[PDB]
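Asker: begin with these chain(s), straight out of the complex:
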Amino acid sequence: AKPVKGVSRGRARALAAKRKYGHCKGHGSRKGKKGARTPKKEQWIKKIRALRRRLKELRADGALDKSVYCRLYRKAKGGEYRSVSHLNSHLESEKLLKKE
Amino acid sequence: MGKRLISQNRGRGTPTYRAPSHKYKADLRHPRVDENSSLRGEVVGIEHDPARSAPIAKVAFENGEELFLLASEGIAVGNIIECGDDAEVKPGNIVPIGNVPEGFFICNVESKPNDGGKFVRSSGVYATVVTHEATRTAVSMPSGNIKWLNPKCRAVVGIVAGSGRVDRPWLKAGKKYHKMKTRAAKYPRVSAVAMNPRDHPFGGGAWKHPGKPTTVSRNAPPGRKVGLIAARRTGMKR
Amino acid sequence: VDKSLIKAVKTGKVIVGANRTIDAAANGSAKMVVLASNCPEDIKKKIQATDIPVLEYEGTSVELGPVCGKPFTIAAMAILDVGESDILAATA
């Protein structure tokens, strides 16, 4: 049986490495809609899950009592915070953490 | 023989005009009750009736019989429905219309006693008890006519559930198509003036018009009784 | 009565909720149980037979809460300490 002649993938591996680095992926390479390339429900799900996990860890370690935790959780569900970094920045700015 | 009309096809009973009887839940009628007897049952579920687009009540009676009943307004699961000459005149009970006070709302009214319930059965509207006499009792129908029935004729106390169903406009051909899928009625319907003369008395012509008066005699034979049948009058009320 | 009913909770021990009310009736610590117009009787006829008095409220469990200061609904409201009040006398 003659050897199978495959399809080599090295010149796709190099491009994949560059794309991981963030190159070869500009506007002149994008061809699907923004939304086909990044679904909005997926974006929201990851954002809200990150915020919720952050609030859960805060209330677990004791930096956040239940009264302000409820309001912060509803704020996050309402989209007041861009990300965990934004949430932490708001917490440190308005001194919501029960520092000791 | 200019072709038979849609009415003659329906009378023939072809599949295009037959009801999808397999889609229906039950032949809704009052439970059979011997002379001077009663039976009590409990409502176990409220289901949708595809043959009526109205709720129906599933009822388990004392005698081990499970039966579908025309549901009245406010009938709830777990309610005890009584059927008898001595039953409380209350919503959902099956009582003779001679024991219903004047001005009360009834539905599912038997044409004759023990008939099973004939009148006032669609979703929402009712009949009113007007007068009582020794052998006759009068009810105002949803039509507006007065019907004299035997006082022993049974009826469920209340109105039929589902009032206001026709209040929402169809809004869409397919909306009504989905309802027509469950009924024998042909949907959609071609106007007679759009047909050829072989298909209807009104068909044909260089331009659309019946060509003859649309009020037809009551004596006209089948295949000709089309348009306004034996109309007392026509037009919008003056 | 409009103020006696409020003062019974303002200056008195009560436990709201059917579970805690049934527990109080079972263990006797409740002077009585106040039940709304919508509370069943399948379990409640036993506490009726028991020496724990059963008061009937004039309104539903939804509106029993606001008159006793609770934002929620209350069906069984067994009282422990009448306090600065004679709600037991009002019941019976």
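Answerer: All right, it came through fine. Residues are numbered from 1 along each chain as shown, chains lettered A, B, ... in the order given.

Asker: contacts, neighbours, all on C-alpha from now
Answerer: OK.

Asker: any idea which element residue B:46 lies in?
Answerer: Using DSSP states H and E, residue B:46 sits in strand B:38-49.

Asker: strands paired with that strand, and their directions?
Answerer: Counting by DSSP bridges, the strands paired with strand B:38-49 are strand B:54-61 (antiparallel), strand B:80-84 (antiparallel).

Asker: next, the buried residues of that strand.
Answerer: Buried residues in strand B:38-49, counting neighbours by 16 or more other Cα atoms under 10 Å in any protein chain shown, are found at B:38-44, B:46, B:49.

Asker: list the contacts of the helix ranked longest in chain A.
Answerer: Scanning chain A for the helix with the most residues, using DSSP state H, yields helix A:40-61. Helix A:40-61 has contacts (Cα atoms under 8 Å, 6 or more residues apart in numbering or on different chains) with A:64-66, A:69, A:72-73, A:76-77, A:82-84, A:87.

Asker: one more pass at 7 Å, please.
Answerer: Contact with helix A:40-61 is made by A:64-65, A:76-77, A:83-84, as judged by Cα atoms under 7 Å, 6 or more residues apart in numbering or on different chains.

Asker: alpha carbons of the next helix-or-strand element following that helix, as PDB, please.
Answerer: Scanning forward in sequence from helix A:40-61 by DSSP H and E, the next helix or strand is helix A:66-77. Extracted in PDB, the C-alpha atoms of helix A:66-77 (Å, rounded to 0.1, in the frame of the first residue of the first chain):
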ATOM      1  CA  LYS A  66     -24.700  40.600  52.900                       C
ATOM      2  CA  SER A  67     -26.300  44.000  52.700                       C
ATOM      3  CA  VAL A  68     -23.800  45.500  50.300                       C
ATOM      4  CA  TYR A  69     -23.300  42.100  48.500                       C
ATOM      5  CA  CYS A  70     -27.000  42.100  47.400                       C
ATOM      6  CA  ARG A  71     -26.700  45.600  45.900                       C
ATOM      7  CA  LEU A  72     -23.400  44.800  44.200                       C
ATOM      8  CA  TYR A  73     -24.800  41.600  42.800                       C
ATOM      9  CA  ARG A  74     -27.800  43.400  41.300                       C
ATOM     10  CA  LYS A  75     -25.500  46.100  40.000                       C
ATOM     11  CA  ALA A  76     -23.400  43.500  38.200                       C
ATOM     12  CA  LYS A  77     -26.500  41.900  36.800                       C
END
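
Asker: okay, chain D goes in next:
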Amino acid sequence: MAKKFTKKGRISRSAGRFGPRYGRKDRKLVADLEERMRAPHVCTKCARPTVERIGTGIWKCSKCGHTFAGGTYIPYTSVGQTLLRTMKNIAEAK
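Answerer: Let me add chain D to what's already shown:
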């Protein structure tokens, strides 16, 4: 708490799913019926607004499980309430 009710957005309501089809009159009728049906309805068994339509004419309480037959788009109709109040007046009289 609700949607972004823009300077012009308060007309279509739930009939915004129909676009420019079917006419303002029927769009208004359908929207009003949807609003009335989606309004909260108090349960006659527990007295709290948890009655939702489960089907054409079937209404169920999410709290106590009380299920009953009512109007097609409204749990309680004026004719049914009139009948109930007539019988209540009779019962009070006797």
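
Asker: once more for the contacts of helix A:40-61, now including chain D?
Answerer: A:64-65, A:76-77, A:83-84.

Asker: from these, list just the buried residues.
Answerer: Buried by 16+ other Cα under 10 Å: A:64, A:76, A:83-84, out of those.

Asker: burial count for residue 51?
Answerer: Let's take chain A. 25 (other Cα atoms under 10 Å in any protein chain shown).

Asker: sorry, should have said chain B
Answerer: Neighbourhood size, residue B:51 [other Cα under 10 Å]: 17.

Asker: ok, now residue B:174?
Answerer: Neighbour count of residue B:174, defined by other Cα under 10 Å: 10.

Asker: before we move on, back to that, next, the angle from the longest helix of chain A to helix A:66-77.
Answerer: 170 degrees (axes from the mean of the first three to the mean of the last three Cα atoms, to 10 degrees).

Asker: gap between the closest residue to chain D within chain A and chain C?
Answerer: For chain A and chain D, the shortest gap (Cα to the nearest Cα) falls at residue A:78, measuring 9.9 Å. Separation of residue A:78 from chain C (Cα to the nearest Cα, to the nearest Å): 25 Å.

Asker: what residues sit buried inside stretch B:21-40?
Answerer: Buried residues in stretch B:21-40 (16+ other Cα under 10 Å): B:28-31, B:38-40.

Asker: typo on my end, stretch B:227-237
Answerer: Across stretch B:227-237, burial judged by 16+ other Cα under 10 Å covers residue B:227.

Asker: for it, which outside residues touch it?
Answerer: Stretch B:227-237 is contacted by residues B:214-218 when judged by Cα under 7 Å, 6+ apart.

Asker: okay, RNA strand E goes in next:
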RNA sequence: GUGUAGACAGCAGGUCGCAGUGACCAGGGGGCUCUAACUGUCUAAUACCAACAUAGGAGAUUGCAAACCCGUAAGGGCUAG
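Answerer: Once RNA strand E is put in with the chains from before, the structure reads:
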């Protein structure tokens, strides 16, 4: 930078060509009228239309052993209404 991740978004600088969605793939647009509201259906094999249908509006018959209709009849459709 976001995200647990897959990935996605964004930035700074350098640089080549006539041309960087480089091939492939991939709306031309606007103004004024007639007509039908619209999606839909149609002369399989010359007519995909303004015709048919449609929701909406109106009228008529009939209380059910009904109106309407099929059968010579027995008996049926509408009607598990």
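
Asker: the contacts of helix A:40-61 with RNA strand E there, same question as before?
Answerer: Contacts for helix A:40-61 (Cα under 7 Å, 6+ apart): A:64-65, A:76-77, A:83-84.

Asker: let me have those residues in a markdown table, adding distance to residue C:56 as columns.
Answerer: Shown next, in a markdown table, are the contacts of helix A:40-61 (distance: Cα to Cα, whole Å):
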| residue | distance to residue C:56 |
| --- | --- |
| A:64 | 43 |
| A:65 | 40 |
| A:76 | 45 |
| A:77 | 43 |
| A:83 | 54 |
| A:84 | 53 |
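
Asker: just put those in JSON lines and tack on distance to chain B.
Answerer: Below are the contacts of helix A:40-61 laid out as JSON lines (distance: Cα to the nearest Cα, whole Å):
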{"residue": "A:64", "distance to chain B": "47"}
{"residue": "A:65", "distance to chain B": "45"}
{"residue": "A:76", "distance to chain B": "40"}
{"residue": "A:77", "distance to chain B": "36"}
{"residue": "A:83", "distance to chain B": "45"}
{"residue": "A:84", "distance to chain B": "48"}
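
Asker: need the strands for chain D, in chain order.
Answerer: Ranges of strands within chain D are D:51-55, D:58-61, D:67-69, based on DSSP state E.

Asker: which residue ranges of chain C form helices?
Answerer: Under DSSP H, chain C gives helices at C:4-10, C:18-27, C:44-49, C:61-67, C:87-91.

Asker: hang on, I meant chain D
Answerer: All helices of chain D, identified by DSSP H, fall at D:24-38, D:78-93.

Asker: buried ones in the helix or strand hosting residue A:89?
Answerer: Residue A:89 belongs to helix A:84-94 when assigned by DSSP H and E. If you call a residue buried by 16+ other Cα under 10 Å, then helix A:84-94 has these buried ones: A:84, A:87-88.
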